[PDB]
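Starting off, we have a lone chain in the form deposited in one PDB entry, written out as C-alpha cells.
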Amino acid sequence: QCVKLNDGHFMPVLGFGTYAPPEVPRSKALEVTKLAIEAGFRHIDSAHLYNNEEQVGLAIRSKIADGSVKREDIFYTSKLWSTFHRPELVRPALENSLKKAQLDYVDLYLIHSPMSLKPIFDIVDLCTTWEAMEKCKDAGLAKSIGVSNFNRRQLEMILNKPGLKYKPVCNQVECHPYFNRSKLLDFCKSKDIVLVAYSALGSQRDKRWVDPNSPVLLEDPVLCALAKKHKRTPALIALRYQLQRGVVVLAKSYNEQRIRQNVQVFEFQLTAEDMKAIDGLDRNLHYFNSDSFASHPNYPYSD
C-alpha cells in the first residue's frame, strides 16, 4: 500500500534502494531494478549522486514497455546534489536527472542533504533552494518535493519561511533500530511530513563513511530472536518495524533472492512487545560517521 502525502499524491510505503558503490558495474542497477519491480516494488529511490539514473530509468521504461506497469504505477525519486543548492542551479539539475532517466517527471525530488558544497563547503540559504524546488513542482517537473538529512531545526527553517507555498512531503533520513529517530519522527507526524528511512538494514557499511567496528545491525541478537519467533529474517523484522511506526522504509539489495524476500514485509505483523524490544535497541548510532560530514557547518547530527 501507499501513504497519502501532504500535497495529495501517494507514496508506496516500501521502496527500492538503488545505490551501489562504484566497484559495481553500472549495468547491475538496470538488472536489479527490473527484478525489484517484478517482485512488487513500486517505489524506487535514486539520486544524481548515484550515477545510475540512466539504468534505473531504463529499468522503469522497460517494465512499462513490456506491459508490467504503467508510469503512474511507479513512484520515482531523485535528489538534488549539494553542489546544486544555489537556487538557479536547482531546475537545471532536475532537468538533467529527467534526461538521464528519460522520464517526463519524477514523483519526488529531494534536497539530498542540507550540507552545501562549492558549485569545500558553500553557504547557501536553503529557503531560496526550497523556493526553487517549489517552482519545479509548479512546472510539473516533480509531482512532490521534499528534503533529506534534515534535522528538526532545519525542517522548521523551511516550515517557517515567509511565503511558503509547499511543505516538504517527507524528510528521508538514516533510521533503523540503532538510530530510530523517534523524536524527529513525532515532529514530522505533527507536521504531516513522512519520515522515509534509509540504511534501514544497517547500511552497506561503505569503508569511506562507516566504521567497520560498528555493530552489524542484521546480526543483532534481539532482531535475530524476533526473526526466529516469527520465522522471518532479521531484515524483514527491521523493515516491518518501520511500517508499524508509520515510517516509509527503503531497502537496497542487488541480490535476486533478498529482493524477493524483502516484499514479504507486508505478510506478517509485530506485536506491541516485539516493537518495544526493538525500541530498546536505540543507541544513537548513525552508520555514516565521517569527518567529511561531521566537520560541515550544517551537519545535521550536531543537533
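Residue indices: 1-based, along the sequence shown. Residues that one form lacks are left out of the comparison. Rigid core: the largest C-alpha set superposing within 1.5 Å between the two forms.
We do not show the form deposited in another entry, though everything after this point is about it.
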| query | finding |
| --- | --- |
| Exceeds or equals 2 Å, Cα of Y19 between this form and the one not shown, core fit | no |
| C-alpha of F10 off by 2 Å or more between this form and the one not shown on rigid core | no |
| Core fit, then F293 C-alpha moves 2 Å or more between this form and the one not shown | yes |
| In that other deposited form, shift in Cα separation for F150 relative to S290, 3 Å or more | closer |
| In that other deposited form, whether the C-alpha atoms of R152 and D291 sit closer or farther than here (change of 3 Å or more) | closer |
| Consecutive stretches, 3 or more residues long, displaced between this form and the one not shown (C-alpha shift of at least 2 Å once the core is aligned) | 290-297 |
